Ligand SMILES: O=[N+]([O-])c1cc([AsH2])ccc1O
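Take a look at this one chain, the form deposited without 4-arsanyl-2-nitrophenol, written out in structure tokens.
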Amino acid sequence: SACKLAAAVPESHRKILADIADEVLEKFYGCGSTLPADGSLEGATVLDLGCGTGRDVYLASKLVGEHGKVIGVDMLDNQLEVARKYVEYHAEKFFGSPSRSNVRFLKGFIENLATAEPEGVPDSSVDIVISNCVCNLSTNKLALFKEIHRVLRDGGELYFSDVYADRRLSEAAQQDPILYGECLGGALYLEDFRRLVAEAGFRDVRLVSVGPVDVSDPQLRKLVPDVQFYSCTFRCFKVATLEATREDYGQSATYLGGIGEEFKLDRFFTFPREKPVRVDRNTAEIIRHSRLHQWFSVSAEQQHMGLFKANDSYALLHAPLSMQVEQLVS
């Protein structure tokens, strides 16, 4: 019904999740994973938008390690006061519990984290911004995405899970608070998403995972007849030199190990240890300016060879976003 792990949980996250307070997991309902299984998180500052009971906040906590930091934001006392419960519990995980926790919880609206109350979230403080089945619920999406842009460091990354549509919803369906409350009503047409995040400073969206979402309950399915709701997990890097098109300047880039046998960046790129792999300029700028430069040697720009076609799905790479997400999902 939208808000439920609409894919399997990744392996590494399971080991952890076992150890997460069961209360936090009874409650909790987002479409799939909003946190990489890269291994790329040690020492990061992660912010969660609409964190609720803090499932993702506490999973991030273990992932970042004792010396990274997590900040869940949520608008509701009732959701926050549940997650605050287990700060100390989950400090066992770091051995020295009642003291060793990274996490903290701010109360505020995600469209404005500068007024989040315990304390605000200043400009350029965050490495990763996550969210699990929450952004579809915003009222001013452009405002939200700009806000996210204000708060990431340069080379930082919006990496998040949310529910998206085949097509714009009818004027009617927009209004229905039942539909909206099931995290379907507010969901975005994939092409309007891309348009917005770009309007807001993110010109390069990359799709990690797509999930079938089905309304079944036909009291709803009437207002959205031919719609096909999705659950997509998207990374958008904050990097000033990205263009809206994946141009090719001759560069390869090579994963050096440190994490696993291979680093998998998106559906299109998989760098295994010490094997160079050709990339478009954006993909290079991402690696260079993000936290990734440390596991990554990256060739120099050369001559422009027009649109990047060095990939075996290059056709699709350049396709609209709707088409990308029909083809994966089939």
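When you see a residue number, it is the position in the sequence shown, counting from 1. Just so we're on the same page, rigid core means the largest C-alpha set that superposes within 1.5 Å between forms.
Missing here is the form solved in complex with 4-arsanyl-2-nitrophenol; even so, the following discussion is about that form.
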property: Shown form pocket vs 4-arsanyl-2-nitrophenol in the bound PDB entry, superposition, backbone/C-beta distance 2.4 Å; result: blocked
property: Single option in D176, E182, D204, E147 placed near 4-arsanyl-2-nitrophenol in the bound PDB entry, where near means a heavy atom within 4.5 Å; result: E182
property: The single option of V126, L169, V103, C133 touching 4-arsanyl-2-nitrophenol in the bound PDB entry, heavy atom within 4.5 Å; result: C133
property: Proximity to 4-arsanyl-2-nitrophenol in the bound PDB entry (heavy atom, within 4.5 Å), stretch among 182-190, 248-256, 90-98, 114-122; result: 182-190
property: 4.5 Å heavy atom contact, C3 and 4-arsanyl-2-nitrophenol in the bound PDB entry; result: yes
property: C-alpha displacement of 2 Å or more between the shown form and the other one on the rigid core, among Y189, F229, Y89, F109; result: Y89
property: Core-superposed comparison between the shown form and the other one, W295 Cα displacement 2 Å or beyond; result: no
property: Threshold 2 Å Cα movement between the shown form and the other one at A21, rigid core reference; result: yes
property: Core-aligned C-alpha movement of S12 between the shown form and the other one, 2 Å or more; result: yes
property: Distance trend in the bound PDB entry - C-alpha atoms of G30 and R235, change of 3 Å or more; result: farther
property: Outcome for the Cα pair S33, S131 in the bound PDB entry, compared with this form (closer or farther; change of 3 Å or more); result: closer
